[PDB]
Amino acid sequence: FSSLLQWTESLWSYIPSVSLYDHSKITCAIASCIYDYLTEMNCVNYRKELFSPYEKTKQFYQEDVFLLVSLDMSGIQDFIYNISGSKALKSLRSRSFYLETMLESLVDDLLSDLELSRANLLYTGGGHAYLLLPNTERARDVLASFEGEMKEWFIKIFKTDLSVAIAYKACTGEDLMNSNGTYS
RNA sequence: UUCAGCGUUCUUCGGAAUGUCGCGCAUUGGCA
């Protein structure tokens with residue numbers, strides 16, 4: 001699917017739906033999160049439970065179903081500039097690339113732990129990563145375990161030179177729909 | 001016919017610096 005997502009983005013980047021890719025990706029992520037939430041709740045019929053009363057569509061935008069997740073890497077500039085000059089030119093280019101590549105790996109690992117795709121990562125800042133995840137208990141436990149494992153690995157490799165902090169917040173469909181201005 | 005000099009200019013006009021370099025090399029860095 002990753003190849004399909006990469007293809008979709010190049011083709012739909014400069015065409016209106018927010019471009020079409022942006023919308024398609026966001027839809028995919030939201031869908032995956034909803035599917036995981038419904039699997040956690042074990043609904044008998046997704047369509048009937050959602051569209052039957054025709055008010056359940058509105059109420060489902062009020063159930064806490066999504067998680068806004070931010071993972072941030074601490075120690076970027078110090079790591080790039082904790083160098084002696086002997087190989088500075090080389091080191092400075094390599095350290096910045098290594099830190100960005102490591103951040104990519106992180107989220108990929110996290111996605112591999114959630115069986116999700118890159119559509120669920122809204123964007124990656126240098127040293128930063130914002131994602132949208134399902135609010136399932138399994139996903140929450142996966143996030144906790146991933147935070148613990150990342151803490152252990154960073155302490156085992158760089159000690160206090162680099163760290164990673166992961167924080168999540170629960171939200172509903174209306175929050176994603178910028179109702180009442182709560183999203184920002 | 002004799003007696004006398006007297007007055008006016010006291011320097012003038014141009015050119016007033018120019019061109020050339022305006023730090024270099026070694027260590028260091030960089031490449032390997």
# chains A, B, ... in the order shown; residues from 1 in each chain; ligands from 1
$ residues_around --residues "residue 29 of chain B" --least-positions-apart "5" --cutoff "12 Å" --atoms "only C-alpha atoms (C1' of nucleotides)" --output "ChimeraX atom specification"
/A:84-90
$ write_last_selection --atoms "N, CA and C atoms" --output "PDB file, in the first residue's frame"
ATOM      1  N   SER A  84      34.242  17.778  17.550  1.00  0.00           N
ATOM      2  CA  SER A  84      35.497  18.462  17.300  1.00  0.00           C
ATOM      3  C   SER A  84      35.603  18.786  15.812  1.00  0.00           C
ATOM      4  N   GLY A  85      36.464  19.747  15.487  1.00  0.00           N
ATOM      5  CA  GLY A  85      36.537  20.211  14.113  1.00  0.00           C
ATOM      6  C   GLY A  85      37.184  19.242  13.144  1.00  0.00           C
ATOM      7  N   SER A  86      37.851  18.198  13.648  1.00  0.00           N
ATOM      8  CA  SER A  86      38.715  17.364  12.813  1.00  0.00           C
ATOM      9  C   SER A  86      37.986  16.822  11.589  1.00  0.00           C
ATOM     10  N   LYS A  87      36.724  16.435  11.748  1.00  0.00           N
ATOM     11  CA  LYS A  87      35.904  15.965  10.638  1.00  0.00           C
ATOM     12  C   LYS A  87      34.604  16.751  10.546  1.00  0.00           C
ATOM     13  N   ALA A  88      34.630  18.007  11.006  1.00  0.00           N
ATOM     14  CA  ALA A  88      33.397  18.764  11.215  1.00  0.00           C
ATOM     15  C   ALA A  88      32.524  18.775   9.968  1.00  0.00           C
ATOM     16  N   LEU A  89      33.101  19.197   8.842  1.00  0.00           N
ATOM     17  CA  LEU A  89      32.295  19.296   7.600  1.00  0.00           C
ATOM     18  C   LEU A  89      31.541  17.970   7.417  1.00  0.00           C
ATOM     19  N   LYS A  90      32.253  16.839   7.476  1.00  0.00           N
ATOM     20  CA  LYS A  90      31.558  15.574   7.278  1.00  0.00           C
ATOM     21  C   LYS A  90      30.507  15.358   8.358  1.00  0.00           C
TER      22      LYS A  90
END
$ residues_around --residues "residue 5 of chain A" --least-positions-apart "6" --cutoff "9 Å" --atoms "only C-alpha atoms (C1' of nucleotides)" --output "ChimeraX atom specification"
/A:21,25,117-119
$ write_last_selection --atoms "C-alpha atoms" --output "PDB file, in the first residue's frame"
ATOM      1  CA  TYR A  21      -4.116  13.595  -2.187  1.00  0.00           C
ATOM      2  CA  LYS A  25      -4.731  10.405   2.770  1.00  0.00           C
ATOM      3  CA  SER A 117       0.301   3.275   7.141  1.00  0.00           C
ATOM      4  CA  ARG A 118       2.017   6.611   6.539  1.00  0.00           C
ATOM      5  CA  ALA A 119      -1.415   8.187   5.995  1.00  0.00           C
TER       6      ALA A 119
END
$ interface_residues --of "chain B" --to "chain A" --cutoff "12 Å" --atoms "only C-alpha atoms (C1' of nucleotides)" --output "list in words"
residues 28, 29, 30, 31 and 32 of chain B
$ atom_distance --atom1 "atom CA of residue 169 of chain A" --atom2 "atom CA of residue 54 of chain A"
28.2 Å
$ residues_around --residues "residue 40 of chain A" --least-positions-apart "6" --cutoff "12 Å" --atoms "only C-alpha atoms (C1' of nucleotides)" --output "list in words"
residues 33, 34, 65, 134, 135, 136, 137, 138, 139 and 140 of chain A
$ residues_around --residues "residue 182 of chain A" --least-positions-apart "5" --cutoff "12 Å" --atoms "only C-alpha atoms (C1' of nucleotides)" --output "ChimeraX atom specification"
/A:171-177
$ closest_atom_pairs --of "segment 32-120 of chain A" --to "segment 155-165 of chain A" --cutoff "12 Å" --atoms "only C-alpha atoms" --output "CSV"
residue,atom,partner,partner_atom,distance
A:69,CA,A:165,CA,10.5
A:70,CA,A:165,CA,8.1
A:71,CA,A:165,CA,5.5
A:72,CA,A:165,CA,5.4
A:73,CA,A:164,CA,4.5
A:74,CA,A:163,CA,5.1
A:75,CA,A:162,CA,4.8
A:76,CA,A:162,CA,7.4
A:77,CA,A:162,CA,10.2
A:78,CA,A:161,CA,8.0
A:79,CA,A:161,CA,6.9
A:80,CA,A:161,CA,10.7
A:81,CA,A:161,CA,11.6
A:82,CA,A:161,CA,9.5
A:99,CA,A:162,CA,9.7
A:102,CA,A:164,CA,10.9
A:103,CA,A:164,CA,9.4
A:106,CA,A:164,CA,9.5
A:107,CA,A:164,CA,11.5
$ write_last_selection --atoms "N, CA, C and O atoms" --output "mmCIF file, in the first residue's frame"
data_model
loop_
_atom_site.group_PDB
_atom_site.id
_atom_site.type_symbol
_atom_site.label_atom_id
_atom_site.label_comp_id
_atom_site.auth_asym_id
_atom_site.auth_seq_id
_atom_site.Cartn_x
_atom_site.Cartn_y
_atom_site.Cartn_z
ATOM 1 N N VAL A 69 -1.263 12.223 18.438
ATOM 2 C CA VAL A 69 -0.024 11.717 19.015
ATOM 3 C C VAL A 69 1.129 12.559 18.494
ATOM 4 O O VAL A 69 1.236 12.792 17.286
ATOM 5 N N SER A 70 1.981 13.025 19.400
ATOM 6 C CA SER A 70 3.180 13.759 19.028
ATOM 7 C C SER A 70 4.381 13.096 19.679
ATOM 8 O O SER A 70 4.400 12.900 20.899
ATOM 9 N N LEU A 71 5.372 12.745 18.866
ATOM 10 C CA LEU A 71 6.641 12.233 19.361
ATOM 11 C C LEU A 71 7.748 13.184 18.932
ATOM 12 O O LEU A 71 7.896 13.482 17.743
ATOM 13 N N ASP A 72 8.510 13.668 19.906
ATOM 14 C CA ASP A 72 9.513 14.697 19.683
ATOM 15 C C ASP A 72 10.863 14.193 20.173
ATOM 16 O O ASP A 72 10.955 13.551 21.224
ATOM 17 N N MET A 73 11.907 14.498 19.410
ATOM 18 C CA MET A 73 13.267 14.094 19.736
ATOM 19 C C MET A 73 14.005 15.270 20.361
ATOM 20 O O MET A 73 14.047 16.361 19.785
ATOM 21 N N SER A 74 14.586 15.042 21.534
ATOM 22 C CA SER A 74 15.319 16.059 22.272
ATOM 23 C C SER A 74 16.814 15.800 22.148
ATOM 24 O O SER A 74 17.267 14.659 22.316
ATOM 25 N N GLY A 75 17.563 16.855 21.864
ATOM 26 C CA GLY A 75 18.992 16.787 21.687
ATOM 27 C C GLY A 75 19.492 16.986 20.267
ATOM 28 O O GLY A 75 20.612 16.565 19.969
ATOM 29 N N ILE A 76 18.711 17.625 19.396
ATOM 30 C CA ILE A 76 19.049 17.668 17.974
ATOM 31 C C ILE A 76 20.288 18.525 17.741
ATOM 32 O O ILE A 76 21.325 18.039 17.274
ATOM 33 N N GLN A 77 20.193 19.817 18.067
ATOM 34 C CA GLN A 77 21.268 20.750 17.746
ATOM 35 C C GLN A 77 22.548 20.398 18.491
ATOM 36 O O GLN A 77 23.647 20.479 17.929
ATOM 37 N N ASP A 78 22.422 20.003 19.760
ATOM 38 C CA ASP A 78 23.593 19.590 20.523
ATOM 39 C C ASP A 78 24.247 18.364 19.902
ATOM 40 O O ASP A 78 25.477 18.290 19.811
ATOM 41 N N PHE A 79 23.430 17.419 19.430
ATOM 42 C CA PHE A 79 23.978 16.180 18.810
ATOM 43 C C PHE A 79 24.725 16.553 17.538
ATOM 44 O O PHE A 79 25.746 15.924 17.231
ATOM 45 N N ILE A 80 24.210 17.520 16.784
ATOM 46 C CA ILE A 80 24.861 17.853 15.482
ATOM 47 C C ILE A 80 26.149 18.632 15.780
ATOM 48 O O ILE A 80 27.137 18.449 15.040
ATOM 49 N N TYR A 81 26.159 19.412 16.863
ATOM 50 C CA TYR A 81 27.313 20.257 17.146
ATOM 51 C C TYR A 81 28.108 19.810 18.371
ATOM 52 O O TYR A 81 28.848 20.615 18.944
ATOM 53 N N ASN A 82 27.981 18.553 18.786
ATOM 54 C CA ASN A 82 28.883 18.016 19.809
ATOM 55 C C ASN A 82 30.122 17.393 19.167
ATOM 56 O O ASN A 82 30.516 16.262 19.446
ATOM 57 N N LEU A 99 19.759 11.976 12.252
ATOM 58 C CA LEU A 99 18.648 12.290 13.181
ATOM 59 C C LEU A 99 17.297 12.254 12.451
ATOM 60 O O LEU A 99 16.332 11.713 13.027
ATOM 61 N N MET A 102 16.521 8.618 11.634
ATOM 62 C CA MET A 102 16.132 7.911 12.877
ATOM 63 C C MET A 102 14.671 8.255 13.198
ATOM 64 O O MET A 102 13.905 7.328 13.501
ATOM 65 N N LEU A 103 14.289 9.523 13.038
ATOM 66 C CA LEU A 103 12.897 9.946 13.337
ATOM 67 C C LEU A 103 11.935 9.217 12.387
ATOM 68 O O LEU A 103 10.868 8.769 12.851
ATOM 69 N N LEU A 106 11.578 5.657 13.654
ATOM 70 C CA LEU A 106 10.689 5.676 14.807
ATOM 71 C C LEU A 106 9.239 5.507 14.382
ATOM 72 O O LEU A 106 8.598 4.498 14.707
ATOM 73 N N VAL A 107 8.729 6.452 13.587
ATOM 74 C CA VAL A 107 7.302 6.422 13.284
ATOM 75 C C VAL A 107 6.965 5.156 12.514
ATOM 76 O O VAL A 107 5.944 4.507 12.780
#
$ closest_residue --among "A:183, A:68, A:130, A:108" --to "residue 168 of chain A" --atoms "only C-alpha atoms"
A:68
$ closest_residue --among "A:58, A:96, A:142, A:178" --to "residue 126 of chain A" --atoms "only C-alpha atoms"
A:96
$ atom_distance --atom1 "atom CA of residue 133 of chain A" --atom2 "atom CA of residue 3 of chain A"
21.0 Å
$ select_by_dssp --residues "segment 48-125 of chain A" --states "strand (DSSP E or B)" --output "NGL selection string"
:A and (64-74 or 121-123)
$ write_last_selection --atoms "N, CA, C and O atoms" --output "PDB file, in the first residue's frame"
ATOM      1  N   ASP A  64     -15.329   9.556  21.817  1.00  0.00           N
ATOM      2  CA  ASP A  64     -13.887   9.773  21.781  1.00  0.00           C
ATOM      3  C   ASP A  64     -13.241   8.613  21.035  1.00  0.00           C
ATOM      4  O   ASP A  64     -13.132   7.505  21.570  1.00  0.00           O
ATOM      5  N   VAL A  65     -12.806   8.865  19.801  1.00  0.00           N
ATOM      6  CA  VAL A  65     -12.423   7.782  18.902  1.00  0.00           C
ATOM      7  C   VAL A  65     -10.997   7.954  18.383  1.00  0.00           C
ATOM      8  O   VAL A  65     -10.321   6.965  18.072  1.00  0.00           O
ATOM      9  N   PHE A  66     -10.503   9.187  18.314  1.00  0.00           N
ATOM     10  CA  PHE A  66      -9.178   9.430  17.768  1.00  0.00           C
ATOM     11  C   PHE A  66      -8.204   9.836  18.866  1.00  0.00           C
ATOM     12  O   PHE A  66      -8.595  10.251  19.959  1.00  0.00           O
ATOM     13  N   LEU A  67      -6.917   9.712  18.551  1.00  0.00           N
ATOM     14  CA  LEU A  67      -5.831  10.137  19.423  1.00  0.00           C
ATOM     15  C   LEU A  67      -4.858  10.962  18.597  1.00  0.00           C
ATOM     16  O   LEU A  67      -4.346  10.484  17.579  1.00  0.00           O
ATOM     17  N   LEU A  68      -4.615  12.195  19.026  1.00  0.00           N
ATOM     18  CA  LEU A  68      -3.562  13.018  18.450  1.00  0.00           C
ATOM     19  C   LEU A  68      -2.266  12.690  19.178  1.00  0.00           C
ATOM     20  O   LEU A  68      -2.187  12.847  20.401  1.00  0.00           O
ATOM     21  N   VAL A  69      -1.263  12.223  18.438  1.00  0.00           N
ATOM     22  CA  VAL A  69      -0.024  11.717  19.015  1.00  0.00           C
ATOM     23  C   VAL A  69       1.129  12.559  18.494  1.00  0.00           C
ATOM     24  O   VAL A  69       1.236  12.792  17.286  1.00  0.00           O
ATOM     25  N   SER A  70       1.981  13.025  19.400  1.00  0.00           N
ATOM     26  CA  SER A  70       3.180  13.759  19.028  1.00  0.00           C
ATOM     27  C   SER A  70       4.381  13.096  19.679  1.00  0.00           C
ATOM     28  O   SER A  70       4.400  12.900  20.899  1.00  0.00           O
ATOM     29  N   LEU A  71       5.372  12.745  18.866  1.00  0.00           N
ATOM     30  CA  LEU A  71       6.641  12.233  19.361  1.00  0.00           C
ATOM     31  C   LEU A  71       7.748  13.184  18.932  1.00  0.00           C
ATOM     32  O   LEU A  71       7.896  13.482  17.743  1.00  0.00           O
ATOM     33  N   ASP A  72       8.510  13.668  19.906  1.00  0.00           N
ATOM     34  CA  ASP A  72       9.513  14.697  19.683  1.00  0.00           C
ATOM     35  C   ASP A  72      10.863  14.193  20.173  1.00  0.00           C
ATOM     36  O   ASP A  72      10.955  13.551  21.224  1.00  0.00           O
ATOM     37  N   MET A  73      11.907  14.498  19.410  1.00  0.00           N
ATOM     38  CA  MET A  73      13.267  14.094  19.736  1.00  0.00           C
ATOM     39  C   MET A  73      14.005  15.270  20.361  1.00  0.00           C
ATOM     40  O   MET A  73      14.047  16.361  19.785  1.00  0.00           O
ATOM     41  N   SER A  74      14.586  15.042  21.534  1.00  0.00           N
ATOM     42  CA  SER A  74      15.319  16.059  22.272  1.00  0.00           C
ATOM     43  C   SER A  74      16.814  15.800  22.148  1.00  0.00           C
ATOM     44  O   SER A  74      17.267  14.659  22.316  1.00  0.00           O
ATOM     45  N   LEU A 121       0.308   9.337   9.768  1.00  0.00           N
ATOM     46  CA  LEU A 121       1.241  10.354  10.312  1.00  0.00           C
ATOM     47  C   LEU A 121       0.911  11.658   9.589  1.00  0.00           C
ATOM     48  O   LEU A 121       1.149  11.734   8.365  1.00  0.00           O
ATOM     49  N   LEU A 122       0.353  12.633  10.306  1.00  0.00           N
ATOM     50  CA  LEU A 122      -0.085  13.850   9.585  1.00  0.00           C
ATOM     51  C   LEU A 122       1.110  14.590   8.969  1.00  0.00           C
ATOM     52  O   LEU A 122       1.014  14.942   7.775  1.00  0.00           O
ATOM     53  N   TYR A 123       2.201  14.776   9.719  1.00  0.00           N
ATOM     54  CA  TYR A 123       3.438  15.375   9.137  1.00  0.00           C
ATOM     55  C   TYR A 123       4.618  15.089  10.061  1.00  0.00           C
ATOM     56  O   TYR A 123       4.386  14.771  11.246  1.00  0.00           O
TER      57      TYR A 123
END
$ residues_around --residues "segment 147-150 of chain A" --least-positions-apart "2" --cutoff "8 Å" --atoms "only C-alpha atoms (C1' of nucleotides)" --output "PyMOL selection string"
chain A and resi 143-145+152-154+164-166
$ select_by_dssp --residues "chain A" --states "helix (DSSP H, G or I)" --output "ChimeraX atom specification"
/A:2-12,20-41,46-51,56-60,76-80,85-114,118-120,137-157,173-176,179-181
